[PDB]
Structure formats: C-alpha cells, structure tokens
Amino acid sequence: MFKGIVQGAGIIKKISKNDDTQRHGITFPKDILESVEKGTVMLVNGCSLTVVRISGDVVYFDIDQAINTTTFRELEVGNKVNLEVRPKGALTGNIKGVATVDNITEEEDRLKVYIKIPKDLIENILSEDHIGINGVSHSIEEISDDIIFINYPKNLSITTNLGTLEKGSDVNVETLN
C-alpha cells in the first residue's frame, strides 16, 4: 500500500504500441529515479505498474493488464504523470474506474476540480470520503449525482499533473474502504 501523496511528476518520453499492450518510457526526477530498479512495483497515476527497464532517467512500464481500465491508452508523449514509490488515505494501486473531469476552476490558491464518476462507483461514495484521483488521495468536498467536487491547494501542481487537467481529461479513480 501507498500513501497517495505524489512524490514527483514524470514526463512520458516514449509510447510503443504492440498488440493490446503499450510500453511507456517515462522521464523521472532524480530522487524518484534513485529509489527504483527493474522490478519495482510503484504507482503511476495511482496505478500499480512494474518497472521493466531503465535507461538513463527513462523508466519503462508495459501497460497490458491495465490497458482497458486506466487512462494509459489515451496518454501522449509530453504528458505529465504522477509518481509514487511504495513506503486513510492509503491507496492500493488497483484502479476502480476511469472518470472524466467535468470542470476545472482555477483560483488564486485553489484548484477546484469536478469529476464525473462512473455510475458503477457512485453508490459507495459520500461527501467527505477520501478518494484517489491519479494517485492523489484527498477528501471529497461534495457529491451531487455522479459529479464529485475536490478542492485542491494550487501548490499541489509543482509535484503532480493536476495543473495539466481540463474538462474532458480522463483520470484514474481509486475508491477506498
């Protein structure tokens, strides 16, 4: 299990597609880079994936088991992804659905994010529950029907991909408890 506190942002450097599988090469920050090796199981946008190789600061993962139930299929070279190495709140790295951002509102110190949750998940989500969105675990301010409202501190953008999100952005969600 993981904290759901993002350690740093990686940048997708390469994507190779070969038969309902994709290999993503992701440029890592040095500290996170020094904490991983081939075989490391870590969180990428909140999803458990296994490091299959490393070349320089580029860390590669094969997306195959996760390919139909995560946002990886739709990501592009240059996209930022959240990273967390394994040490509530606590995230397992089993993504429960792909949700879509409904609205992002930027204010002076906050990022107000509204996310349309898959219908199959909404019956077990109340306001004030913790939820993982791309591996950031934070509480829900409100839910009305299938839309959840999370109010993030804007400073979270220096260590995460939250500042890159807009309406229509898909996200990995992990429901807790």
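Numbering starts at 1 and runs along the sequence shown.
Asks: Are any deposited residues left out of the model between residue 87 and residue 88, and how many (none, 1 to 3, 4 to 9, 10 or more)?
Replies: Count of unmodelled residues in between: 4 to 9.
Asks: What stretch has the higher average Cα B-factor here, 119 to 127 or 47 to 55?
Replies: Result of the comparison: 119 to 127.
Asks: Comparing 61 to 69 with 26 to 34, where is the mean C-alpha B-factor higher?
Replies: That would be 61 to 69.
Asks: Among 42, 113, 136, 143, which residue carries the highest C-alpha B-factor recorded in the PDB entry?
Replies: That would be 143, according to the entry.
Asks: Ordered by C-alpha B-factor within the chain, which third holds residue 6? Give me lowest, middle or highest, please.
Replies: Lowest third, going by the recorded CA B-factors of the chain.
Asks: Tell me, lowest, middle or highest third: where does the Cα B factor of residue 75 rank within its chain?
Replies: Its C-alpha B-factor belongs to the highest third of this chain's values.
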